[PDB]
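One structure is given here, and the rest of the page talks about it.
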Amino acid sequence: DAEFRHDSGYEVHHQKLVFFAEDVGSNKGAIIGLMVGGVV
Amino acid sequence: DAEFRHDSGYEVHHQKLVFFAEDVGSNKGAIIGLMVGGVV
Amino acid sequence: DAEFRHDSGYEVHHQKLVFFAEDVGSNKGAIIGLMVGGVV
Amino acid sequence: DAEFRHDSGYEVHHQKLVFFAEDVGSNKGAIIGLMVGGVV
Amino acid sequence: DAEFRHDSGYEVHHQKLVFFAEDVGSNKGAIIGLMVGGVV
Amino acid sequence: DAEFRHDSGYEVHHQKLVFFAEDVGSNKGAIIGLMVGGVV
Amino acid sequence: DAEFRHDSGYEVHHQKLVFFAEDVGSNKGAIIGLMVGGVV
Amino acid sequence: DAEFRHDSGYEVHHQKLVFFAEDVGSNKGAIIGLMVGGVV
Amino acid sequence: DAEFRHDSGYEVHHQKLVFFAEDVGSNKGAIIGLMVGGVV
């Protein structure tokens, strides 16, 4: 029979990162625009 | 028979990150725009 | 029978990076534009 | 006679756009920053 | 007589665009930074 | 008589574009930086 | 004797700027993102 | 004796700028992204 | 005795600029990305 267009394209994400493990916390500047595991 | 378009595209997310483990808490600047595991 | 166009192109991502493991936290400059595991 | 500076610069706007006419409503991502007919 | 500076420079805008007329609505990514008919 | 500088330079804009007329809506990537009819 | 890490990095700011001294107030556009003497 | 790492890197700022001293205020466009004396 | 690493690198800034001293304020375009005395 007639088969119309089927919607799809499911997203799936799973990261695993380490940030600032062993480090002093002196007067650090301003860090930004930082992002991971995804878009926008 | 006639089959109309079926809606789909389910999202699924699951991260695991480490932030500031062992570090002093001196006068740190302003960190922002920080985001992970998702969009926007 | 007639087969219309089927929608597809599902995305899937999974990284694993290490950032700033063993390092002092002196007056570091401003780091930005940093991103991984994805687009935009 | 003496003529001081006259204030002016009146704004006027009038658009006409079509957004999402005939389209399924599956799991669409997040659209933003979208704006028209004006500033800011 | 003496004629001081007259203020002016009136803005006027009027577009007409078509966005997403006939298209399925599958799992579309995130569209942004989209703008027309104006500044900023 | 004395004629001081007169302010001017009025802007005027009017485009007409077609975007995504007849096209499927599969898993499209992320489109950005898109802009027309103006500056910035 | 043993001397643990001492917290420090005190901030201090003091500017002095002039904005819009002698100027008419016609239909000025929208100015934003304007900031000084500090971060964020 | 044993001397552990001392936290430091104090910030200090002090500018002095002139903006728009003697100028008419006609229909000026939209100025933005302007900043000084600091980061971000 | 044992001397661990000492945190340092204090920032200090002090500019002095003149912007738009004597100039008419006609329909000026949109100026941006303007910044001085600092980073980012």
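If you're wondering about the labels, chains in the structure tokens are A, B, ... by order shown, residues count from 1 in each chain, ligands from 1 in order shown.
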
Output the contact residues of chain F with respect to chain C at a cut-off of 10 Å, based on only C-alpha atoms, as a PyMOL selection string. chain F and resi 24-32

Chain D least-squares fitted onto chain G over all paired Cα atoms, as an mmCIF file with C-alpha atoms, in the first residue's frame:
data_model
loop_
_atom_site.group_PDB
_atom_site.id
_atom_site.type_symbol
_atom_site.label_atom_id
_atom_site.label_comp_id
_atom_site.auth_asym_id
_atom_site.auth_seq_id
_atom_site.Cartn_x
_atom_site.Cartn_y
_atom_site.Cartn_z
ATOM 1 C CA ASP D 1 56.813 24.742 61.755
ATOM 2 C CA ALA D 2 54.459 23.501 58.998
ATOM 3 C CA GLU D 3 52.778 26.361 57.032
ATOM 4 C CA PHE D 4 49.590 25.469 55.059
ATOM 5 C CA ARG D 5 48.460 27.411 51.938
ATOM 6 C CA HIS D 6 47.187 30.961 52.695
ATOM 7 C CA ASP D 7 44.164 32.233 50.700
ATOM 8 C CA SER D 8 44.580 35.633 48.945
ATOM 9 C CA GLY D 9 44.109 37.595 45.658
ATOM 10 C CA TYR D 10 42.069 40.650 46.758
ATOM 11 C CA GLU D 11 40.489 42.674 43.876
ATOM 12 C CA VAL D 12 40.476 46.506 43.685
ATOM 13 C CA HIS D 13 38.978 48.745 40.911
ATOM 14 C CA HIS D 14 38.627 52.543 40.348
ATOM 15 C CA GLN D 15 37.829 54.057 36.916
ATOM 16 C CA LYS D 16 36.758 57.534 35.785
ATOM 17 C CA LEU D 17 34.986 57.921 32.342
ATOM 18 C CA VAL D 18 32.895 60.619 30.541
ATOM 19 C CA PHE D 19 29.787 59.444 28.534
ATOM 20 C CA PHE D 20 27.647 61.765 26.345
ATOM 21 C CA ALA D 21 28.824 65.211 27.547
ATOM 22 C CA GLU D 22 27.431 67.783 25.080
ATOM 23 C CA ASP D 23 25.121 66.109 22.509
ATOM 24 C CA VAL D 24 21.521 66.460 21.219
ATOM 25 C CA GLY D 25 19.092 63.639 22.236
ATOM 26 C CA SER D 26 17.455 62.836 18.865
ATOM 27 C CA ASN D 27 16.067 59.383 18.004
ATOM 28 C CA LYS D 28 19.235 57.459 19.024
ATOM 29 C CA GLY D 29 19.307 53.717 18.275
ATOM 30 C CA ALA D 30 19.674 51.038 20.972
ATOM 31 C CA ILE D 31 23.173 50.888 22.560
ATOM 32 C CA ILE D 32 23.915 47.792 24.741
ATOM 33 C CA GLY D 33 26.635 45.386 25.911
ATOM 34 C CA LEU D 34 28.228 48.576 27.303
ATOM 35 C CA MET D 35 30.255 47.915 30.517
ATOM 36 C CA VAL D 36 33.505 49.107 32.136
ATOM 37 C CA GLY D 37 35.471 48.823 35.361
ATOM 38 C CA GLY D 38 34.962 45.104 36.127
ATOM 39 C CA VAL D 39 34.162 41.741 34.467
ATOM 40 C CA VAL D 40 30.986 40.018 33.191
#

DSSP strand (DSSP E) selection over chain H, as a short mmCIF file (atom, residue, chain, number, x, y, z; two decimals) with N, CA, C and O atoms, in the first residue's frame:
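Okay, result.cif is ready:
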data_model
loop_
_atom_site.label_atom_id
_atom_site.label_comp_id
_atom_site.auth_asym_id
_atom_site.auth_seq_id
_atom_site.Cartn_x
_atom_site.Cartn_y
_atom_site.Cartn_z
N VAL H 12 44.33 44.48 39.84
CA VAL H 12 44.08 45.90 40.11
C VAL H 12 43.89 46.60 38.75
O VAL H 12 44.73 46.46 37.86
N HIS H 13 42.81 47.39 38.60
CA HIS H 13 42.57 48.16 37.35
C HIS H 13 42.26 49.64 37.64
O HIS H 13 41.56 49.95 38.61
N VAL H 18 37.54 59.19 27.49
CA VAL H 18 36.48 60.12 27.07
C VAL H 18 35.60 59.45 26.01
O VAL H 18 36.17 59.06 24.96
N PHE H 19 34.25 59.49 26.13
CA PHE H 19 33.38 58.96 25.04
C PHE H 19 32.30 60.01 24.68
O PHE H 19 31.50 60.42 25.53
N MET H 35 33.50 47.61 25.49
CA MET H 35 33.93 47.41 26.87
C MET H 35 35.34 47.90 27.03
O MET H 35 36.08 47.85 26.06
N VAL H 36 35.80 48.17 28.25
CA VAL H 36 37.18 48.56 28.50
C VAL H 36 37.46 48.40 29.98
O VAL H 36 36.53 48.29 30.79
#
